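Residue numbering restarts at 1 for every chain, and letters A, B, ... go by the order of the sequence lines.
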Number of protein chains: 2
Amino acid sequence: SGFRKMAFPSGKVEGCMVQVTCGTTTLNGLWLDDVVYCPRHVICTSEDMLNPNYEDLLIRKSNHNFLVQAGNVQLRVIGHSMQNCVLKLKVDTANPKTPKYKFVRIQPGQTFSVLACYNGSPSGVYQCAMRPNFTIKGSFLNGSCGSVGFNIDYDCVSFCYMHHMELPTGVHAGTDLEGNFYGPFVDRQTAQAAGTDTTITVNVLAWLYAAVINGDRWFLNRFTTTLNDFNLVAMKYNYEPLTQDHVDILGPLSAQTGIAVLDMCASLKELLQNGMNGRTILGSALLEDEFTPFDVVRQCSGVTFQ
Amino acid sequence: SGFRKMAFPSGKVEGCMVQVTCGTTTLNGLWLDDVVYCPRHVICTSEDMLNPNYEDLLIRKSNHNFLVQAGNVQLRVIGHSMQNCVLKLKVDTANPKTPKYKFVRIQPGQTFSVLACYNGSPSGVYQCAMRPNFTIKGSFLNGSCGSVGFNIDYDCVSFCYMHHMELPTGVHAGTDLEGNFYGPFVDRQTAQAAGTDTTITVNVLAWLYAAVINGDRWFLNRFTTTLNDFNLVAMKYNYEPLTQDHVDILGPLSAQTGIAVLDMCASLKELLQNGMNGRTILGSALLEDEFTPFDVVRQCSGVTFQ
Ligand SMILES: O=C(Cc1cncc2ccccc12)N(CCC1CCCCC1)Cc1cccs1
Ligand SMILES: O=C(Cc1cncc2ccccc12)N(CCC1CCCCC1)Cc1cccs1
Ligand SMILES: [Cl-]
């Protein structure tokens, strides 16, 4: 029992964190095999950041302009190339701690763990989700660039995020490990704004199923709804549209608890209308949207507390 | 910017997790130097748990009755002894991944990271607090016994908790690493209940300072209070008493934000008496009490642990 915002154990990623320095700029790098991945803005001064020409800035660097430190050991950079917004530094040593890994680009609503780092050293681990507006509500200070997001399903680390910047609202923007930004963001200091954020409806429903699995049913009601009527109501509360894919994905949780997906949708419509009336759901007075259907199944028991 | 429930990086602890099997019972063990620590109830069957005589049950066990698996390697048990509610299995091999460590017993209100494990394999990491009623609101399933709680203070892991059981309300009970339970709990399948819990006042104040540091200031007011008047009000809402030690500990945060601790206490008094009025603080509609003053300073200043 219990339901916590749970991150993956970070050890496999900690053994990959290195410090990357180019001139006066220092940030984090991810050392996998003989390559160190880091944000390409490591080659910029604060004066270059408005309209950097990364191809022009990079062509002026030699391998010895990049200082990579792994613990107290300096790695030798023997090559460098840019892939989208990521800089790839080839090093003369393969990381002996390289776990089984893959690079995956995720979709909004997906969750992942972030290993926040400064100067190539891990500071903390937390769980977050790719918001519908493609930002993440992280906890990052200056120097955190290059910190990564990942999932560790079945011993393989799937790296899905690399931190590049903080937007004016205090939210964060980054790329996948191939350097493609999530959302309409660019690695320039030009005025950029996160679009209006919405609640991840499928994740709130998943979390309501987690509440039923853990014994709570106060929020259920005798009603059902069509998928279209649910979306018409949901959009009024800035909730993301629930698609048939989302309904299908909630199938296993629906079968386990005995609550049809559209019946749980009716409960959600009522919660949006009434609030919680001094009650909590899994220790929260807000509807939680950073647990996916997959997270709930992984964390919760396969036996519902009837 | 941003403020997340952040756990310590778990890698140093992951390299210590092993699987301990005694008969049909399998749980987790912590392998440090040449000793594997685990709950003493690993020697019990469900029937033994009703009223166990651990000394009598342990007498019947040989070293070979304990199967310890570290990854895919079986460790050889060369001795066994009990210390309070922890079983200590002496093994023939010192753990080469043993970090610098210490065993510390924490006080209620103190936070720590839990590395939830199953079959000696880490599954997740989350941050929690030792409640004033000595329970932890964890997320644990059957097989999670032996999972540990820890903090990192510089490069030293301080192990403070070992998981033993779940109470009927879904909350958890365990011991320090010397086998002494936190709370009035015993390791026996008998009627036990968590006492009435209270809110960790110093931690709520620390989190209000974190909200201020993050630009959430709507709850600030022109008022101050005395420590005595605040404690009279706090006692009415089942909040823990705020001591002069707590006020001293909040000194740095008070100096950084310009809000005296009793000035923040007057904000908290108003929040208890009036609620949040539809507003949130750091994305929460409840007053969060699982961040200590040290956690807030650490997260807001980017302290690392390589
Ligand atoms: O937002 C950041 C870093 C950052 C990240 N997370 C959190 C942050 C919090 C506060 C300040 C900064 C943060 N940029 C990088 C700043 C460096 C640029 C090169 C020289 C040295 C500073 C700005 C841009 C990146 C891409 C496009 S604009
Ligand atoms: O509570 C647990 C483990 C546990 C922990 N966390 C979470 C749990 C969730 C569900 C069930 C169990 C959990 N005990 C152990 C159950 C037996 C398993 C087989 C061998 C003998 C013990 C019951 C105890 C009573 C008094 C002290 S322990
Ligand atoms: Cl995805």
Using a 6.0 Å distance limit plus a 45 degree cone around the ring axis, check whether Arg105(B) lies over the aromatic ring of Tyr182(B). yes
If the plane angle is over 60° it's perpendicular, under 30° parallel, otherwise tilted; pick one for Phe140(A) and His163(A). parallel
For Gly179(B) and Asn84(B) the tightest heavy-atom approach is O-CB, 3.3 Å
On a heavy-atom basis, the closest approach of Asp216(B) and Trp218(B) is OD1-CD1, 3.6 Å
Over 60° means perpendicular and under 30° means parallel, so classify the ring planes of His164(B) and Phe181(B), tilted if in between.
tilted
Side chain to side chain contact (heavy atoms under 4.5 Å, CB included) between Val125(A) and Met6(B), worked out
CA-CA 5 Å; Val125(A) 65; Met6(B) 192 178 285; 5.7 Å; no
May I have the step-by-step check of side-chain hydrogen bond (donor to acceptor under 3.5 Å, both in side chains) for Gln299(B) and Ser139(A), ending in yes or no?
-> CA-CA 8 Å; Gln299(B) 179 164 174; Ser139(A) 172; 2.7 Å; yes
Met165(B) and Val186(B) have their tightest heavy-atom pair at SD-O, 3.5 Å
In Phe103(B), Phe159(B), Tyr101(B), the residue satisfying ring pair (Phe, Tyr, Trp, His ring centres under 6.0 Å) with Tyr37(B) is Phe103(B)
Backbone N/O of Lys137(A) and side chain of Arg4(B): donor-acceptor pair under 3.5 Å:
yes
The reported gap from CD in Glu290(B) to CE in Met130(B) (rounded to nearest 0.5 angstrom) is 10.5 Å
Shortest non-hydrogen pair, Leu27(B) vs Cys145(B), comes out as CB-O, 3.4 Å
- prompt: Stepwise, does the side chain to side chain contact (heavy atoms under 4.5 Å, CB included) test hold for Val86(B) with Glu178(B)?
  reply: CA-CA 7 Å; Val86(B) 153; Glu178(B) 296 192 297; over 6 Å; no
Q. Can you find a pair of side-chain heavy atoms, one from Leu141(B) and one from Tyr118(B), that are under 4.5 Å apart?
A. yes
Per side-chain contact (heavy atoms from CB on, under 4.5 Å), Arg131(A) is matched among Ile136(A), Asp289(A), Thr198(A) by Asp289(A)
TODO: Verify whether one side chain among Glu288(B) and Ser284(B) offers a donor that lies under 3.5 Å from an acceptor in the other.
DONE: no
*Please determine, by modelled atom types, if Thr111(B) and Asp295(B) share a side-chain donor-acceptor pair under 3.5 angstrom.*
yes
Is it the case that the side chain of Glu270(A) and the backbone of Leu220(A) share a donor-acceptor pair, with hydrogens and angles ignored and the cut-off at 3.5 Å?
no
Correct closest heavy-atom pair for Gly283(A) and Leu286(B) would be O-CD1, 3.7 Å
*Would you call the rings of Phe291(A) and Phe3(A) parallel, tilted or perpendicular if under 30° counts as parallel and over 60° as perpendicular?*
tilted
Are a donor atom and an acceptor atom from the side chains of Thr199(A) and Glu240(A) found within less than 3.5 Å of each other? no
Tell me whether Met235(B) at atom CE has more than 12 heavy atoms from other residues, nucleotides or ligands lying less than 6.0 Å away.
no
Notebook entry, point to check: Do other residues, nucleotides or ligands put more than 12 heavy atoms under 6.0 Å from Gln244(B) CD?
Noted result: yes
Checklist line | Any donor-acceptor N/O pair, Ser123(B) side chain to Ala116(B) backbone, under 3.5 Å | finding: yes
Here the gap from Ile249(B) atom CD1 to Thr243(B) atom OG1, rounded to the nearest 0.5 Å, amounts to 6.5 Å
Is any side-chain heavy atom of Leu205(A) closer than 4.5 Å to a side-chain heavy atom of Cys265(A)?
-> yes
**Prompt:** Is the number of heavy atoms from other residues, nucleotides or ligands within 6.0 Å of CZ (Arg217(A)) greater than 12?
**Reply:** no
Here the pair of heavy atoms bringing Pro9(A) nearest to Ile152(A) is O-CD1, 3.2 Å
Open item on the list: Would you say that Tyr209(B) contacts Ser254(B) through its side chain, given a criterion of any heavy-atom pair below 4.5 Å between the two side chains?
Closed with: yes
Report yes or no: do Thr135(A) and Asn133(A) form a side-chain donor-acceptor pair below 3.5 Å?
yes
OG of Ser121(B) to CG of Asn28(B), rounded to nearest 0.5 Å, is 8.5 Å
I'd like to check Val171(A) versus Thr169(A) (side-chain heavy atoms, cut-off strictly below 4.5 Å). Are they in contact? yes
Check your understanding: Does the side chain of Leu287(A) reach to within under 4.5 Å of the side chain of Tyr239(A), using non-hydrogen atoms?
Key -> yes
Problem set entry | Neighbour count >12 (heavy atoms, 6.0 Å) for atom CD, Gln273(B) | yes
Heavy-atom check, side chain of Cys128(A) versus side chain of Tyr161(A), under 4.5 Å = no
- prompt: Counting N and O atoms only, with roles assigned by atom type, does the side chain of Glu14(B) sit under 3.5 Å from a partner on the main chain of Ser10(A), one being a donor and the other an acceptor?
  reply: yes
In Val114(B), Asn151(B), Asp176(B), the residue satisfying side-chain contact (heavy atoms from CB on, under 4.5 Å) with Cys160(B) is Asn151(B)
Does the separation of the ring centres of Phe305(B) and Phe8(B) fall below 6.0 angstrom? yes
| said: If we ignore hydrogens and angles and just use 3.5 Å, is the side chain of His172(A) paired with the main-chain N or O of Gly138(A) as donor and acceptor? | reply: yes
d(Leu268(A) CG, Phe219(A) CZ) to nearest 0.5 Å is 10.5 Å
Checklist entry - Tell me, do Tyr237(B) and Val233(B) make a side-chain contact under 4.5 Å, heavy atoms counted? => result yes
Going by heavy atoms in the side chains, are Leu253(B) and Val297(B) under 4.5 Å from each other? yes
The reported gap from CG in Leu30(B) to NZ in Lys88(B) (rounded to nearest 0.5 angstrom) is 12.5 Å
d(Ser113(B) OG, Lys5(B) NZ) to nearest 0.5 Å is 11.0 Å
Any donor-acceptor N/O pair, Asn231(B) side chain to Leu227(B) backbone, under 3.5 Å:
yes
